[PDB]
Amino acid sequence: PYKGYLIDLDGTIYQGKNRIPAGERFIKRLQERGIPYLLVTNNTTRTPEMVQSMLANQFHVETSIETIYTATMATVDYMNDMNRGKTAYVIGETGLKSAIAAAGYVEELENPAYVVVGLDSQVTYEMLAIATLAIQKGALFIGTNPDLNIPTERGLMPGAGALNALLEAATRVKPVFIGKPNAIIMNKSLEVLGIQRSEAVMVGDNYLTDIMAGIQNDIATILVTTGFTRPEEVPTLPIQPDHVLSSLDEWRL
């Protein structure tokens, strides 16, 4: 069986303000059996500590801070890896912005080494202009996650991927995406998860991001029809996941 589990957060162990008890039991089962797992999210607005609290206070789950890996974390790791200058211009929220600040990157508006773009529910043309000019100057253009939409009360709204699309059109340069289903976040996840690519599994509810995160990177996949991809959609999926579940309670560890 799989020796480690990479798990999506929203839509998999909880849905919006709603709880998915089978999702709660799942990590609770992994914990009791001592099976390594990693909560992998494309979210960049929250810091892992904020996520950890949200989980414990609203969704009956208590995980160690190290069990949480976000697109923000994977992003600063990449920046550090690329080791270009220590300057940057960032569009995103407090989770992403503080993580980069904490890593020693100072805000540079003219010629930043990096131009990092995540979702900012309060973005302004001014921010886009600045980023547009900095990218053309030669800054390394990074997209935190490719997500086209953000699920909310009002409905599906512009996601980080859509903000990046605005910038790709204006600069003619495609950003290097970090988040699922792209390689960078997956490789680093494996590295932090501690187990072989060949024996890890990616568990999620979204085909385009989670399931493809596995298929594209040659990592086994498990799709739970809660959240995003609706069960009616599975029969027509271009590529069937290794496993399809209506509930995580049905997966045997």
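Just how far, in whole angstrom, is the stretch 128-179 from the stretch 87-103 if you go by their alpha carbon centroids?
The distance from the Cα centre of the stretch 87-103 to that of the stretch 128-179 comes to 15 Å.
If the cut-off is 28 Å between C-alpha atoms, which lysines fall inside it for residue 3, apart from same-chain ones fewer than 8 positions away?
28, 180, 188
Classify the stretch 95-155 as rounded, prolate or oblate from the Cα gyration tensor: take a ≥ b ≥ c as the square roots of its eigenvalues, call it rounded if a/c is under 1.5, otherwise prolate when a/b beats b/c and oblate if not.
In terms of gyration-tensor shape, prolate.
Residues with amide H under 5 Å of residue 4's amide H, sequence separation 5 or more or different chain, H placed in the peptide plane at 1.01 Å from N; which?
201
Test of understanding: what is the full-extension gain from residue 187 to residue 122, defined as 0.36 nm times their sequence separation minus their Cα-Cα distance?
Using 0.36 nm per residue and subtracting the Cα-Cα distance, I get 20.3 nm.
Once you've got the GNM for the chain with C-alpha springs shorter than 10 Å, pick whichever of 172, 19, 154 has the biggest mean-square fluctuation.
Greatest mean-square fluctuation among the candidates belongs to 154.
Compute the Rg to Rh ratio over the chain from the alpha carbon atoms, using the Kirkwood formula for Rh, and round to two decimal places.
0.97
Any chance you could check the Cα centroid distance between the stretch 3-35 and the stretch 228-250 for me, in angstrom?
17 Å
When a/c is below 1.5 the answer is rounded, else prolate if a/b is larger than b/c, else oblate, so apply that to the stretch 197-250 with a ≥ b ≥ c taken from the square roots of the Cα gyration tensor eigenvalues.
oblate
Rounded, prolate or oblate: pick one for the stretch 112-212, where a ≥ b ≥ c are the square roots of the eigenvalues of its C-alpha gyration tensor, a/c under 1.5 means rounded, and failing that, prolate if a/b is larger than b/c, else oblate.
Verdict is oblate for the stretch 112-212.
Using a cut-off of under 18 Å, list every residue of the stretch 22-65 whose amide N is near the label point 7 Å from the Cα of residue 152 along the Cα-to-beta-carbon line.
42-47
How high is the relative contact order of the chain, given as a whole-number percent (alpha carbon pairs under 8 Å, six or more residues apart)?
About 20 percent, as a whole number.
Positions of Cβ are backbone-derived with ideal geometry, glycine not excepted, and every protein chain shown enters the neighbour counts. We did not get these values from a lab; they are worked out from the coordinates using the rules stated.
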